[PDB]
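Chains Y and Z, in that order, are what the protein sequence lines are.
The UniProt record's numbering applies: residue 433 is where the first sequence begins, and numbers increase by one.
The UniProt record's numbering applies: residue 169 is where the second sequence begins, and numbers increase by one.
Read the structure below first, then the notes.
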Amino acid sequence: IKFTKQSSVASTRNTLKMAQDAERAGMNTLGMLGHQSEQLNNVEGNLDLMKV
Amino acid sequence: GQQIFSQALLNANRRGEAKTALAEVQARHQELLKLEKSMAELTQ
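Okay, here's the thing in structure tokens:
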């Protein structure tokens with residue numbers, strides 16, 4: 433019983449670490465996507481100007 | 169002029185208490201392993 437509980441503790445520790453892993457990666461993805469969306473907004477403006 | 173010893177029986181409730189909660193902790197551990205596996209895939 434004690435060994436199983438210790439194994440459960442270790443499992444939850446790794447799960448938490450990995451969950452934090454997912455979170456940082458996701459926040460970076462959103463940041464980069466906001467920056468790239470904006471570069472594409474700049475692209476959109478020049479395409480409009482070139483149309484005129 | 170005489171004396172006597174004494175023996176003892178455990179409580180019925182106890183029963184197989186070694187695994188009364190061992191099965192339960194093992195089942196929860198299996199749940200936690202499933203959780204860990206899913207989190208690993210999500211992080212990937």
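The C-beta atom is built at its ideal place from N, Cα and C for all residues, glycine as well.
Proximity to residue i [Cα-Cα], best of the options
i: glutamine 438/Y; options: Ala208/Z, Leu178/Z, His197/Z and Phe173/Z; result: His197/Z
Unbroken alpha helix (DSSP H) run spanning residue i, endpoints
i: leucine 481/Y; result: 434 to 483
i: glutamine 198/Z; result: 190 to 211
8 Å contact criterion, which residue i and residue j should meet: CB distance rounded
i: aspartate 453/Y; j: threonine 211/Z; result: 4 Å
i: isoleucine 433/Y; j: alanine 180/Z; result: The pair is not a contact, with the Cβ atoms about 21 Å apart (cut-off 8 Å).
i: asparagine 478/Y; j: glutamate 204/Z; result: Wrong, their Cβ atoms sit about 49 Å apart, outside the cutoff.
Residues of the region 178 to 193 of chain Z with Cβ closer than 9 Å to any Cβ of chain Y, in chain order: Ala186, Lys187, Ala189, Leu190 and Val193
Residues in the region 448 to 471 of chain Y having any Cβ partner in chain Z nearer than 8 Å: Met450, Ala451, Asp453, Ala454 and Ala457
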